Every structure is written in structure tokens, then in C-alpha cells.
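Protein chains in written order, with the entry's author numbering: chain OB, 2 to 51; chain KA, 7 to 251, 264 to 291; chain EA, 7 to 169, 171; chain HB, 2 to 101, 112 to 216; chain BA, 2 to 157.
A short worksheet on the structure shown next.
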Amino acid sequence: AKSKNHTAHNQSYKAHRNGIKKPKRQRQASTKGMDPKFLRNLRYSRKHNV
Amino acid sequence: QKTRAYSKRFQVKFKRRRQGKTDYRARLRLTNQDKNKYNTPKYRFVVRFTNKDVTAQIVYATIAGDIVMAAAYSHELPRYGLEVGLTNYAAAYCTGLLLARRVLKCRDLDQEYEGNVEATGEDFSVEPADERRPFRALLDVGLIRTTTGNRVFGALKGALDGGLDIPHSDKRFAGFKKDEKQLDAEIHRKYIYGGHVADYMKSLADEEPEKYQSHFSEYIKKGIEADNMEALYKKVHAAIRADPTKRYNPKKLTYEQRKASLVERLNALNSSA
Amino acid sequence: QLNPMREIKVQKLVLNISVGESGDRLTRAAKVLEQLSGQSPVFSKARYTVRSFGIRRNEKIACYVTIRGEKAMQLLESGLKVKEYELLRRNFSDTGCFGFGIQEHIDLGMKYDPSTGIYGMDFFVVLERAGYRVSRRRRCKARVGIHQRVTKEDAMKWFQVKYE
Amino acid sequence: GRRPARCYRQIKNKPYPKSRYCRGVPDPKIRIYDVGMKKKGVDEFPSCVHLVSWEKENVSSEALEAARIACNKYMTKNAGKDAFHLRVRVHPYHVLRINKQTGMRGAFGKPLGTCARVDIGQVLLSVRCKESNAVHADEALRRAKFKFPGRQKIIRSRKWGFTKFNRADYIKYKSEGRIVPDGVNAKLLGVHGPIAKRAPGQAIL
Amino acid sequence: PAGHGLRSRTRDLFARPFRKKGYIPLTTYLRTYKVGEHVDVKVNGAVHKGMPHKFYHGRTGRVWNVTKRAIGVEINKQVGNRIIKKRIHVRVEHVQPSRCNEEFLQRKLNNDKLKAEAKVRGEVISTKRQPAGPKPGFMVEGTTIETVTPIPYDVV
RNA sequence: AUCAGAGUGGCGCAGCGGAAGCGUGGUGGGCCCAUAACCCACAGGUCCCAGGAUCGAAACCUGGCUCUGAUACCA
RNA sequence: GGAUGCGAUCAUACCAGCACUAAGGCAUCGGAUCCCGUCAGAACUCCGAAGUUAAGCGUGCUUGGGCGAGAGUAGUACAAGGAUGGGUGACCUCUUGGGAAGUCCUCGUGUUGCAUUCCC
RNA sequence: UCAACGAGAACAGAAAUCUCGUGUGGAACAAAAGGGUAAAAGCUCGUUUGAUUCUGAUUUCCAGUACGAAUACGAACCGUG
RNA sequence: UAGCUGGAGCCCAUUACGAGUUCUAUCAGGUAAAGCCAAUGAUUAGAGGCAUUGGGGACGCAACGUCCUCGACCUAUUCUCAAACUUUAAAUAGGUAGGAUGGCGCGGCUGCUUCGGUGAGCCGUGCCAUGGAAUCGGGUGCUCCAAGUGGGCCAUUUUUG
Ligand SMILES: [Mg+2]
Ligand SMILES: [Mg+2]
Ligand SMILES: [Mg+2]
Ligand SMILES: [Mg+2]
Ligand SMILES: [Mg+2]
Ligand SMILES: [Mg+2]
Ligand SMILES: [Mg+2]
Ligand SMILES: [Mg+2]
Ligand SMILES: [Mg+2]
Ligand SMILES: [Mg+2]
Ligand SMILES: [Mg+2]
Ligand SMILES: [Mg+2]
Ligand SMILES: [Mg+2]
Ligand SMILES: [Mg+2]
Ligand SMILES: [Mg+2]
Ligand SMILES: [Mg+2]
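What follows is the structure, given as C-alpha cells:
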């Protein structure tokens, strides 16, 4: 009758049955959000390669 | 006299503060490099005055400890010609000139940054003009009060004339008109050429010849009358810009003799009375 | 040690007057100390607003000015001449100093050239041996050794064999 | 008015001692913890005997004062007020609560009384006496152990009264004068401290 | 929000260690961080700018961004049935270099010299640590032997 | 049992931090032969008990006490 | 064996009481015209060398406080896992592993970076 | 450099103002409680408006949405030293 | 709505990539214990000294003196404690690393960065890298569409009233 319910019961069991999904390790880890001062320069340097 | 709980809950400050020689609030803000430069230290122009010397050092910080790359003391100016009154405003000027010239010569750009060959009262900015920017150092006064006319800023003008690039403003050079908010070139000229001492040598020699003798003993016996400061500092400037280059304490007595004395004192007290 | 660096000498006379009031009362309490010192005094505001004393908080209730040097000696000798060169063998403080209190006009100076009344006042002198800057400077400040801290027995031994 | 003490026997809740948060606590029944001559030094009473509880409970303040009075009346009538020292070795610092139309809406309760949390083999009472008279004190402790909820032993101590000393070792220190009598307790002298602070005949390696 | 502020439940989490309060040693400001290095986030109570949330304390991650006064740390947070690469910025006061990889790097270079040396000599080698295995047999020279027995129960 | 309200001069009561009063009552004169009454003066209080903040408390918050007033219903 | 300057580690470095120091340096120290500062040249600022190691700085001592380490506390307290283990119950035992802390006792009281400079 | 303590100074006392000594924070930081701070993050003084503009990024709650709050850069313009 | 589940698959694959696991290494904690002979708080009982006078008897003709007194106070102690106390500090669990997504050499770019080829990063090229602890194994690895569920209960241990 107590309308408020909250348990962590069964929660690890549900979590671990599709595994703890680690996202795929990627070559060229993303540069989103890095220092734009550094990113501008890196983009210019890739612009002027030979 | 202090309780055990005090001693046990005490936290000792850094040793360079228990000795009271360093301001760590200033030191962190001086040596904290931007982390995206990754090694480039900020070199500090550290100028210090003792009661009879003027130390000047271009130093940078490293985990093992600060590392000096060029030192200049006012007590080595007797090598260059200035023998007396080596802790005045012009003496710190010449110390700064000497240190700047030595740094520039060591880093092999002195020929390309000569600054003013002749000292000028007007505040100086050097040009980074072409392909090789000037050496850049940060002034590190230390614990002293940064007031107008300070010998730290005399050394600052010395280094600026010597060719270093030092962040600066002309609001604390000697002769700053704190009312009009601008320097006087002539007044700073006078100060960097020891004029503020020369006028007072005349001030004592005019009608107070006893205090004059008892006050300027070394000047008198080295024969520098008041009108012979100008060219003296001219020639020291030239010389500096020409050549910028057993048991007496007791040992700790050891364990053996320590308890050798302890047994003796113990027998003395327990047997006695 | 009989070392010619260990001589007593005044550091400062402090001349305070606790008036606990304000207005023309304390303005004249100030100008009188001006006549004594030759230097402009500073007003000492109140704390704790103790009512039974009739003092509000943060109101100027005293006026003091610090005198040091030959002027201090010249005014201290008159201050002792008030007490006929004799103190109570208890005015001396354990650390370095002693004091006493007088009534103004037995000092030097015609009285009502300012039209200011008699103001009592607590002389308080601090003795020192040369070298307290090692406890008062900004860089490398530390305690002064016992051998060159003046204490009571030296204050008496300074007061009675000499200067009277 | 008070509840039966069986309702507060097990230790079931973390300590709730009187503090900046537990206010309204009543005063405890016991207000004195030493009875007899609490003034004699160590050497008058060498015999020490302990009433030791053997189980975790909450011996209430009333229970543990009833114990002191039940041992003390006996001990004073029989061995006189000249030959025993009583000390209860437990303190009522734990605070009990009570919850007395309304259901358990807001079921936290105002404090009821005070009780002391005992341990497995925690000395609960101790008395010290002279060996000739130790029988009275031992049997008095037995007359007191019917005042406590759990089960207790009555163990003669190997220590000298209320000291931290074995009998042979304490008397040996008394012989060599390496011990100071401070009163109810004792102090060794040791190899620490400055020579000057020691008595001439009291400096040891 | 929703019942807890950032610095909830951190009475003893964020406090300085005993007698280590006050000035911050300069090595924490001199240690330089390069993108890829492993840093352990442990918050400093005093420096209230740039603190991470209380979860990231006591964890390890690779740097991903190095800025003036601020390090971009990158650590894995397990929520639900997946791992989030949380990318946070912390000031240098709050992070230290990780020594998880010091022994790996040392063993890297040690292995490389050994494999070069084996390449020079008879070209077979096994550069691996085996876990503590069975010990070989050996003789023990009979010494004075101390006989020990169960002790009788003293109620004292 | 909860929830309010109020504890201030001898009594009943006013009070908004600098901070204490109102009637009456009491004390001393005056009028009267004398007592009122009337006229003129005088002295008041543990601001319920114990804390804190506050320039500044009796007021502000809280804990403890005593009285009063409410609400305690569908079975 | 020193010292100064900038420092790293921030008590083995501090704290208390004491005894002592060669040259050098630090310091104390003299003065207040100037820049500068305050009620006050005490502080700070400028200028300077008559003297003093008296103080600081440094070294050393104390059956010192503190701190650091070690033994010990102690395989004790606790605690992951097992029992159709004991017990009326509280609790406890055995099995497979982990394993603390005070008091007490012994020892110790800094290591060092760079630039300059002093010794006998 | 604080709170406090110690010795002191006319009226001045337990408490008014001043001086010296000790002072690991026993004070203060608008408020609740915790944390933190001592040549400061406290007290006094000078100068000020970064309590500004443009849009993103991240953390906290989170479904890894929003809001609030915070953090780190970027491009401007400035404050102070 | 996320989760848990099915269906459709697709992508690769025994090279690798992983793991509700252990080992080696290295971080972080403030719970059990423990502590008060350490801070905050609570607290029992004595011992010894001491006040520039907390107060009284007696001497104090007199004080810049004491003999008792309740006792402040100080000193070393001592019995017992703390979820909203803690110096210390477990066990259990927690994070990260254990290579082929590495390293070095050479010459190129940078509008960033430095006093500066000084760094930081990238680009082209050439070399090396015995597979870099144990054990086990194909994988949500990627995606889509969607069902039901969103009233729970019992037990051992920790645990609130
Ligand atoms: Mg529900
Ligand atoms: Mg500064
Ligand atoms: Mg919400
Ligand atoms: Mg929540
Ligand atoms: Mg909500
Ligand atoms: Mg912690
Ligand atoms: Mg907690
Ligand atoms: Mg009448
Ligand atoms: Mg009448
Ligand atoms: Mg400041
Ligand atoms: Mg958001
Ligand atoms: Mg769904
Ligand atoms: Mg516990
Ligand atoms: Mg402990
Ligand atoms: Mg305690
Ligand atoms: Mg681990």
C-alpha cells in the first residue's frame, strides 16, 4: 500500500546479462571538445602538407 | 611552555617560510606555466639586495630545485671600475645591465639586441623585430614593498636597457610623478647616474663637513667628489657592455659517548644527596 | 655580557588618555597631545559597547600618539619629574616596559593657550636593547634571544643606577 | 511506569548518547560510582575481585545501582566501613527510546531512560579489600549478581587493587623502589624524562 | 539537483590528510601532462576551482586535452548496462601522474633489449612473467628444532 | 495526545532591539478635630527558567516549566 | 668545514631550555637631503660603513616535549567465504583465507638541487 | 594577524584606551551544517565593475533530455598589479 | 521513457578482441576495530602543588604574610564512552596498466608554442617489435521493429523505526 518503492535488487542481474557494454576502442580517438587553439593549428598543419 | 597537545597537533609551515625568505603565494603564480606548453619554464629575473650586495639571477624552476643560468652581483663591479657605493640606485642599474648583457651573450643574441648603448631616463621597450624575439623574463621582487624609486626598479631599468624583454610598466621607476602620472626623463637620468647621491654629497659638504666625512668615508678616500659620478657611471656602463663575464663546529657526539655521559650524570645524581 | 652592543635605550613613549567621550572634549584631548608631541595624534575607537561605561561601539573614545627619539627622552624626563623620579617597584612589566600616569599641567606649556582643561594621561615607555629589528622586520623575523631581551631586573637596573 | 527491562536487553541500535542532538534525556538512577573508602592508597587493599558480565546486554542504570547498594549494605554491615572499596566499572552512556489513535506515523520516539552497554568479559564491578577479609567482598559480589540480567563470573584478579600490576611484579617494584604510590594507582619510574625531575634515589636505566 | 548537491556526502572525502593542510607543494604544479598519460584523479579540498564531481575521486584515466591550468581527464563510468567515457576537465591540483604504467614501461624496454640480444645470439627467447609457481625440491640441513605444543587454559 | 495563546510593579495590564510604563496599590508630607476623599512629592520590577545570534534583548530563534483555549471524526 | 641568493622534500626539518663559533657572507648598525611612508625614518623607502658578534642566522647538548622508524600489542580485535556446527538465546567454535590500532620497550633528530663565494 | 591568555599604565574596577610577550586558528569569512583558508580566502587601505559581450563544450540530476548551478578552453573588450 | 526479452538480420572472426575471475604493479577510501595515557564533546575518583587576594575562622598593632576551610586553577594520573568525534586504521568490495591502436630513425607542415628546432601535434617514408601474466571463450560487434513488465515476496549476513 506504501506507494513508494525503490530497490537495487535484480539490477546487477539485469545489467550483466547483456554484459557491461564497453564502447569499442577506436583508433583516432575523437577530438571533439579539445582546445580549439590546438585544433585550429592542427587543421592548418594538415592543410599545408606536401 | 607549550602543551603536548599543541606540539602534537602542530603543522609546520614550509621551511622557506619558517625562515621567512619566500612568499609562496607569489612563487606559485610566478612559476605556474600554462600546462599546454609542457616544459617551457618562466625564467625569473630575481633581484635581491642585502645590506652590502645586490644579487641578480635569471633562474627557472624544476622539481629538483631552481636552476640558475646567469648570476650578477654588485660586489663584482670592482672588477669593472665601480668600487664604492655599490648598493645605490645606479649600482642596481648597473647590476641589471651586467646581468642582461651576460644573459644575452650566453644565449647568443646580444649582437642582435643591444638596447640603448647609452642609459636613458625614458622607459624602454625593445623590438622583437625580426625572426628572433628577445629573451623574456619575469621580475621577482621577493618580500620587499614595491614603492616608487625602488632599487628593484633600478635593476629593472638596467635589464631593460641591457636588452631583456621584461613585463613592466613605468609606474614605479624613480622620478614617477605620482601626481601627474608620468615620469621625468631627467629625474630618472639623475637617479640612474647616481645624481641623487651626488646632490647629497654636496648637501653635506656645503655646511656640514663633519657629518660628510663621517658619512662618506669610502668615497672620500677613493677620491670621488660629487661632480665625478657622471663619467664614472659612463665608463662603468662601457666596461660592463664590453666584458659581460677545517673543523670549527662540534661533531654530533655518538651513541657511545652519549650514554657514557648519561651514566656519569646518573651516578652523580643518584649517589649525591 | 658587557658587550658594547647591549645597552638599554627607549624604543617609544606612548602617551594615551582614556576619556571615553567625544566631541570638543576629545578634540581638545587631541590638541593637547599635539602640544606635547609635536606630531598629529590618532583617535582610538571603542569596542564592545559596554553600557555601564557610557561608550558606544566604534566611537572614538581615546587619543594616543607615539613619541620616540630625543623628543621622547625630553618628554619622559619631565614625566618622571612629575613622579619625582621614583616609581612603585611594580609599574614595570615583566617583558620590557613600564608605565605610570600623571596630570597634565605639571608638564611644560602654558595651560590655556588652547583653552583645554587638565587631562590626566598614562605615560608608557618600552625599553629595548639594540637589535629588536630582528623581531620587527618583514623578511626573516624571529624571536630575540633572552640575553638581549630587556626584562624587569634590567629595567630597574637601568632606572635607578642611571637616568636619575 | 518504566517498561520491563527485558524489552531493552539485546544491543540492536547504534549508540544514541546524550549530545547536541539527543535532548530531553532524563537523569540516570546512579549518580555515584565509588563507595567505601575511595581514599586509601594502593598498599592498604591488595585483594581485588571482579564481577564480570559474560553476555552483551544493556544493564540499565537502575540495575547497576541496585547492584552497588545490594553489595554495599552487605559489605558495610559485615566488614564495616573500614575495609572495602567499591567501584562500578561501567557507565550508563547509552540512551533508550520509547514510542507511546496514531499508528506508526512518525514512529521515532522520545527518550525513556539510560542503560550501559556491556561486553563479553567486560568487568562490571570491582571491589578491593585486604586478603584476610576478601571472603565478605566475594560473597557480596555474589549477592549482587542476582541484580543483573545476564550471567556473570566472579573472578579474583591477579592485579594489585585497581592497578595494572601483577602481584609479584608490583611487590618487586615496591622492593626495589622503582614505583611511586600516587594513591589509588601507581606509577613506574623509567628511562625517560630529564634527570633533574627525578628524586635522588629514584633514577633508573 | 534531485536531492543531492555536487559536494554531498564528502565530509571525509574532500578533507586534507591530517597535518597536510595549507600550502600546496610546487611539484604538483611542475608535473607536466602529455595527451595519453595516465593520471589518477584525487580532489584537493582547498582548490575550489575546477573540482571534479565527487565520483571521479580515486580513479584513473588517460589525459585527452591539456589546456592552460586545466587537464582533460577521460575516465570510464559504469551506469546501467554500459560504460561511458566521461571526459572531464580538472585543474592540475586535483590530478597526479599514475604509476600503473611505470612498471609496464620499464618492462617494455627491458623486454626489447633482451629480444634484441636473443636476436643476436641463439634466436629463441620467452619474455613473459609467469605467476608464482611450484617451488622445486631441496634439502634442509637439520638444525635445532623447537618443539611447540598446545597450551593449557589459564582462566586469568 | 497533538496545536495555538499568554507568562512584565503589590494586582490587572501596555510595550516596534537606544533600554520600562499605565491605572491602582504602597511610602512622606498637605487639608480635617480624626478617617476617607482631594492636593503635592517618593520608591518600584529576578520583564516565566536556561542558552545563542545581534552595534544593541524583555522582545529575535531555541530548549525547560505553568495555566488557558481548540481538535480528537466514519466505523 | 661555511655562507649568501633562488629552491626541492615540508617537524628525523618543529617546539622548549641552554653552551659555543675561525675567514667570508648574512646580520646587527649610522643617518633622514632625496624617491618613498607612517601618528611615529619603529615598519617600509633612500643613503652609508664607526662598532659589534649581543641578538638573529648556524652548530652542538638534554635519561626533554613532538615527530620518523623498528620490535611489540598480535595472529589478539575485526572481517570475505562454508557448516543439517554448538547454544534456549545472546553469542561462540571449527574449516578455507585477509589481518589492525593505543599504552609499554629500543633507535634516530634531516636529505639535497643550481649560481656565487670563504677557508688553510 | 586573528580568539584567548600573561604582565603591565590617572581616574579605570570582572569589563572602556594603550604597550610588550605567547598565540596551528581555539577568531572571521551575510546566513544553516560540513569542508577550506594565516605575508589568506580573514582585518584595513588604494583603484575598480569579469555581476561585461558571442555562441558552443563538459560535470552534477540524468533516460546520460531539459532547467538551475558549476567548470575548462576559444574570439572580443576591460579591471587591477 | 530507459532497463530486461523476442524477431529480422548484417558485420566480421579464430589471426585477434574480450571476461560478473585470479596474479604482478600502482592508486583512492574512513567502515569494523581502535583512541582519549591525542583534538571536539561526555564523564568517574583520588594524589601533589599553586594563587598578585574566588570567598571565611586565627594571628594578622602591620603588610610587598600565613595554619585550617569549601574550593577555583595547574600538574602527572585514573574508571567509562561517541551515528551526526577523531590522530591511526582493517577485511570485503573499487579504479587503472600488463604491446602489433608500440617504439626508433630520416625529412616535411603549423595561422599554435618557444629567447631559439625550443616544444606540442600532425604528415610522408624506412626500419625494428618471439605476441609480452594465469585461465577461459566467438562476439551487441553494429543496427532496426517490437512484446510484456513497471503491485513483488522469502532467506543468510550488514542495517534503519
Ligand atoms: Mg510501486
Ligand atoms: Mg605580493
Ligand atoms: Mg528536478
Ligand atoms: Mg537520486
Ligand atoms: Mg523530480
Ligand atoms: Mg579521508
Ligand atoms: Mg561517512
Ligand atoms: Mg500616606
Ligand atoms: Mg486624611
Ligand atoms: Mg594578500
Ligand atoms: Mg546540461
Ligand atoms: Mg519500452
Ligand atoms: Mg566503532
Ligand atoms: Mg586508534
Ligand atoms: Mg577525548
Ligand atoms: Mg585493487
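Backbone N, C-alpha and C define an ideal beta-carbon position, used for all residues, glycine too.
Contact check, residue i vs residue j, beta carbons under 8 Å
| i | j | result |
| --- | --- | --- |
| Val-131 of chain EA | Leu-82 of chain EA | yes |
| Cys-126 of chain HB | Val-60 of chain HB | yes |
| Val-60 of chain KA | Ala-97 of chain KA | yes |
| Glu-231 of chain KA | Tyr-199 of chain KA | no |
| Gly-127 of chain KA | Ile-226 of chain KA | no |
| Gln-133 of chain HB | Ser-54 of chain HB | yes |
| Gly-212 of chain HB | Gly-194 of chain HB | no |
| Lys-27 of chain KA | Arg-145 of chain EA | yes |
Inter-residue CB distance, residue i and residue j (contact presumed, cutoff 8 Å)
| i | j | result |
| --- | --- | --- |
| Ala-62 of chain KA | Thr-37 of chain KA | Not really, about 18 Å apart at Cβ, beyond 8 Å. |
| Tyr-70 of chain EA | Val-48 of chain EA | 7 Å |
| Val-91 of chain HB | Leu-135 of chain HB | 5 Å |
| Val-44 of chain BA | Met-52 of chain BA | 6 Å |
| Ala-76 of chain KA | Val-109 of chain KA | 5 Å |
| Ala-16 of chain OB | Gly-81 of chain BA | 7 Å |
| residue 257 of chain EA | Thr-157 of chain EA | Chain EA is shown from 7 up to 171; residue 257 of chain EA falls before or after that span and cannot be answered. |
| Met-76 of chain HB | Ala-151 of chain HB | 5 Å |
| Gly-26 of chain EA | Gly-60 of chain EA | 7 Å |
| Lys-77 of chain EA | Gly-44 of chain EA | 7 Å |
9 Å Cβ cut-off: residues of chain KA touching residue i
| i | result |
| --- | --- |
| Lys-35 of chain BA | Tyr-44 |
| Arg-144 of chain EA | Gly-26, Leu-149, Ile-150 and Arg-151 |
| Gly-212 of chain HB | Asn-288 and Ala-291 |
| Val-67 of chain BA | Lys-41, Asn-42 and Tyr-44 |
| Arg-100 of chain BA | Simply none; closest approach about 15 Å. |
| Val-93 of chain BA | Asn-38 and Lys-41 |
Residues bridged to residue i [DSSP beta-bridge criterion]
| i | result |
| --- | --- |
| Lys-15 of chain EA | EA:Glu-134 |
| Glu-27 of chain EA | The partner list for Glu-27 of chain EA (beta bridge, DSSP) is empty, contrary to what the question assumes. |
| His-95 of chain HB | HB:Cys-126 |
| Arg-92 of chain BA | BA:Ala-71 |
| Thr-61 of chain KA | KA:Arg-54 and KA:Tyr-79 |
| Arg-88 of chain HB | HB:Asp-35 and HB:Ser-137 |
Residues that residue i contacts on chain OB, provided the C-beta gap is smaller than 8 Å
| i | result |
| --- | --- |
| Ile-84 of chain BA | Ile-21, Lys-22, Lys-23 and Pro-24 |
| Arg-88 of chain BA | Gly-34 |
Contact list for residue i against chain BA, beta-carbon separation under 8 Å
| i | result |
| --- | --- |
| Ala-16 of chain OB | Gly-81 and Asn-82 |
| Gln-275 of chain KA | Going along chain BA, no residue has its Cβ under 8 Å from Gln-275 of chain KA, so there is no contact; the nearest lies around 35 Å. |
| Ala-67 of chain KA | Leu-27 and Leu-31 |
Within chain HB, the residues that residue i reaches when beta carbons sit closer than 8 Å
| i | result |
| --- | --- |
| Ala-278 of chain KA | Those do not exist, as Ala-278 of chain KA stays about 13 Å from chain HB at its closest Cβ, beyond 8 Å. |
Chain-ordered chain HB contacts of residue i [CB-CB under 7 Å]
| i | result |
| --- | --- |
| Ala-62 of chain KA | Within chain HB, no residue comes near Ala-62 of chain KA; the closest Cβ sits about 50 Å away, beyond 7 Å. |
Neighbour list for residue i in chain OB, Cβ cutoff strictly below 9 Å
| i | result |
| --- | --- |
| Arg-10 of chain BA | Ordered by position in chain OB, no residue passes the 9 Å Cβ test against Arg-10 of chain BA, which lies about 17 Å from the chain. |
Interface residues of chain KA facing residue i [CB-CB closer than 8 Å]
| i | result |
| --- | --- |
| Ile-206 of chain HB | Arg-283, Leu-284 and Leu-287 |
| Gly-23 of chain BA | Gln-17 and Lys-19 |
Contacts that residue i makes with chain KA (C-beta to C-beta distance below 7 Å)
| i | result |
| --- | --- |
| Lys-147 of chain EA | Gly-26 |
- request: Starting from the N-terminal side, write out each stretch of the beta strand (DSSP E) that is 3 residues or longer and does not extend beyond the segment 88-153 of chain KA.
  value: 144-146
- prompt: Along the chain, which unbroken stretches of the alpha helix (DSSP H) at least 4 residues long are found entirely within the segment 54-135 of chain EA?
  reply: 76-88
message: What ranges does the alpha helix (DSSP H) occupy inside the segment 113-193 of chain HB, keeping only unbroken runs of at least 4 residues that lie completely in it?
response: Taking 4 residues as the minimum length, the alpha helix (DSSP H) runs contained wholly in the segment 113-193 of chain HB are 145-155 and 178-187, in order along the chain.
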